[PDB]
Each structure stands twice: as C-alpha cells, then as structure tokens.
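Below sits a lone chain in structure tokens, taken as the form deposited in one PDB entry.
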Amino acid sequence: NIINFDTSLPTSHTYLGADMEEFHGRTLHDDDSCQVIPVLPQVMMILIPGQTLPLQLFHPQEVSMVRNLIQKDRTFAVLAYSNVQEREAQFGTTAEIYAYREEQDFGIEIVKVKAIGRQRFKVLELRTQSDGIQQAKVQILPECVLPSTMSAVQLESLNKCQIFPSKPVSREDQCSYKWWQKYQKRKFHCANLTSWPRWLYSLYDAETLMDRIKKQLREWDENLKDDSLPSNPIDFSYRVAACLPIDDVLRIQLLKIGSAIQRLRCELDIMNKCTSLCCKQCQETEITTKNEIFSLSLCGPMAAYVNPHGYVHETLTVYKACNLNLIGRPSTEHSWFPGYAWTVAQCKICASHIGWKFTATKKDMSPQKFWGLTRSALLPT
C-alpha cells in the first residue's frame, strides 16, 4: 500500500506560499528561571517542542505584537488549555519564529508565521495588558537527563567491556533478537550487585525503549531506517509525543514530564494500551482503529495545518475511514497536500465535522484512498 509521493511537501507547508522570509534558529533560555513572554490568544493547541505550528494572523493588534516580537526575542508562548475554559492554564511551551511573511493582501496585514516549539514552562501568573496581548510571568522548565542505571554500581575492572561493536546491518531478524540479548547481558552485568534483575534495568534503558518504540512505529507504517528519527532520547520522545493520537489531557501529561525515560515509558504504555478511538459529542464510534494509522509525511501521522481563515486543525492521516458521510465537491483550492483534492467530511451520526476525504489529481498516487481526521473531536478509549 505504498504510493510514489515525496513526504516532504506536507512538512514544507507549500500551501501557504513559497516566497517566505527564512529565518535561522538562534534562541535559547538560561534554564530554570523567571521570564516574561507575550501570548497570542484565540489558539487552542497543546504544543510540544519540535512540533511545527502554522499560524494565520488577522487582528491588527496580533500583527503588531508579532512584529514587535520580530524586532525582539522572536518567541511567544502557547498556553495550555485544560477542560475548564477561560484561560485555565498552568503550563505551556515557547514557540520560535523562523517563518515570517506579512502581505496586507486586501489592505489588512495578515502576518503568516510558522513556528516550532523550543522549551517548556509553567505560568506563574497571567497578567493582562490593556493593549490586547497578555504577557504572562513564565518559569522556564529544565529538561532532566539521567545517566545509565548501571553507572553507580558498575565494576571498575570490567569497564573495558562496555563499548559494544556497532549494530549489525539494520531491520534484519536475528540481528536484533540476538544482538540486543547480548547487549542486555553485557551492559547490565552489574545488576548482580544490586537487588534487581537485568530485565528490570532494561525496562528503564533509554536505548531499549527507543528500539521498542521504533518497532511499534514500523508496525504502524514503514519508516525508512533512520527516517529523521533523532538518536537522542530527548528529541525522539518529543517527536513520538507529537505524533501520537492522544487527547489534550494526555498531551499535557506528556508535557509536564521532565525526564526522557519517563516520557518514553509513558508513550510506549499509551500506544500499547490504547487501541480504540472515538469522536466527541458521540462517545459511541470507533472509526480509524490503530492498525491502519499511516504516515504520508515526514513528521508522522499527525501534523498541524491551518485553513485560510486563521483556524488551525491538527490532522491524522489514515489509510481507511468508515462511518462517514460526504458533503461538497472535491475542491482543490487550499489542500494542505499539493497532489490531492480535499472534500469536507461530516460525522455520520453527530454530524460534527471530523475528517476530510481526499481524491486523485495525478497518476502515480492513491486515487480516493486517503483520510485526514481532526483532534477537534477525537478521543481514545
């Protein structure tokens, strides 16, 4: 079920435009400190560091705020929305601008900006400015890194037996179930000094957890070896958390976790314990079960795209989707996928908008076999 498509245009966000003022990322923070950052309202999105955000700006005061941010530290703060409305926020992330284009178009200003997350934080207070853009008191959250669990109890003499030869070949049977067995046998050999077996220590190994997650991802859809998957557990965990089909509360729980190992364990538990989905306002459907969650993009099954009216929707690309009805013609105006034509998909029961049917425009592609859902109404069970 493979189609000759270049999985770089959905990430490139070519639907907005091409003549974009490319900006290089050179922002950071002093780690675990108090800061003040302006917040752009009217955004309902839990954002993870490394996740791409496409934004459309309409109100003049928001345009002024983003322009001042550009002539400043070009980082705003995406707030974390819980179930309770009215800015019931306790966490958030900092988004960095790398993508600025104004274009007053019909004489407005419509700043089109694309940003990604860089750091996490917690809001201490939400100060409201009379201008219309609230600047909140921000405490930057450090990202903890932990050493190997065998470093403390390791035997000094058998430390030379700790550099294993590089992994043999790739994606080959018995090149993993034996190499990893030997790796566990030789790495956590000092577990005999403690009260816990080797497999328990491998349950907390950063490398082993990433290997398990990679196996599960390949079970979902074929990933091209090291298909842009970072070797660092930090970025790997962040990417996995970004691509998982989970609701807002699960995303904020993954965001508050401060250690990569705990994040990887939580993600592996989530995708080994959640199989059935549903849509809000029904709580009665199971459209698009896990075993068919494809990924027709570099970033993964889930990504962020924006309509021509500022509204941002995160979509889930799946192979098949039943229990749906169609309204409207297969338009090709502002489809986020250049080689596809979009159609409005309505829920067959609650008639609350979930999904978009897609059709064919070319030859070497999948004709009318495509679906992109939304997190507007999508929860796991």
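Rigid core here is just the name for the largest C-alpha set that superposes within 1.5 Å across the two forms. Counting begins at 1, following the sequence as shown.
The same protein also has a form deposited in another entry, omitted here; what follows describes it.
With the core fitted between the shown form and the other one, just one of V84, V145, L124, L200 shows a Cα displacement of at least 2 Å, namely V84. Superposition on the rigid core between the shown form and the other one places the CA atom of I287 2 Å or more away from its counterpart. Relative to the superposed core, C34 shifts its CA atom by less than 2 Å between the shown form and the other one. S276: CA moves 2 Å or more between the shown form and the other one after rigid-core fitting.
Compared with the form shown here, the C-alpha atoms of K280 and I46 sit at least 3 Å farther apart in the other entry. Between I287 and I46, the C-alpha separation grows by 3 Å or more in the other entry, relative to the conformation displayed.
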